[PDB]
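Okay, here we've got a single chain as structure tokens, the form deposited without the ligand, with questions on binding and movement later.
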């Protein structure tokens, strides 16, 4: 059949991508109905970004600061308000190709598609996960600020991320459309670090359950194990511990494969204890934690 890490298609969200500028500052914005959302840190220069007071910087910005372009065409800003770290620019036009949308806040574990833009012109897309420590292993270059993370469930567009800033580490932070940052992070250039990255365990399990269906099944053992016992092994190797929900959610996989989730844990457990002796599952030599059981089911 085949397995690959896979983004939703991007036609809908491409419809909503605009360029914004505020002096020398040029980033990406999202045009939904009569509104345009974008990172608020657009009103900053470099000298500002150290300790910026947004209350106080935007007190000094006018609607005639905010150049907003719709590809070839331009828009006219008609009122500027700031919600947390996102800036909501009202304009004269409603997006003619605004489609069924909704803002969601995702939880650390879920995955989403990302549309990397540069001057409102989308460049690319890739599937991505919301790390334990509320970060993302992304591809983000200067003025990818305002590029977004979405999903598509039954026509509706499920906007869940908007990018703000890279980190000294090199992983990327950003908010939802509420404007609230995923994590303890704020938009300034102070020595921010991100906590311990661990592995989305439930997901790896779904990735093994995947592997099986795709035929690849060298790594299967006989063993059973307790949940706790499995966990008292897993957490040693920086992995997320595992709940009765996790099992519940991994239920439909365990059906199609006639493999119990307990028996899969001791199987995984034994990869952690032993290693891989340089073999590959679904052609990978690391354990792949960026698949939710919904991702993998949908892929099948």
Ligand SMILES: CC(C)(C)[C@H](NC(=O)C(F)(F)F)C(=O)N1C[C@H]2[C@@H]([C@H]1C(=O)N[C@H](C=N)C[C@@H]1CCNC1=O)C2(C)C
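Numbering follows the first chain given and starts at 1.
Another form, the form deposited with the ligand bound, is not on view; read the next lines as being about it.
Taking non-hydrogen atoms only, residue 165 approaches the ligand to within 4.5 angstroms in the bound PDB entry. The ligand is not drawn, but in the bound PDB entry it has no heavy atom within 4.5 Å of residue 206. Interface membership of residue 35, defined by any non-hydrogen atom within 4.5 Å of the ligand in the bound PDB entry, is ruled out.
Though the partner is left out of this view, residue 143 does reach within 4.5 Å of the ligand in the bound PDB entry, counting heavy atoms only. Comment: the ligand is not present in this chain, but in the bound PDB entry one of 83, 192, 93, 198 has a heavy atom within 4.5 Å of it, namely 192. Checking 67, 271, 49, 259 against the ligand in the bound PDB entry, a heavy atom within 4.5 Å turns up for just one residue: 49. Only one segment in the set 105-113, 224-232, 166-174, 72-80 has residues whose heavy atoms sit within 4.5 Å of the ligand in the bound PDB entry; it is 166-174. Along 19-58, these residues reach a heavy atom to within 4.5 Å of the ligand in the bound PDB entry: 41, 49, 54.
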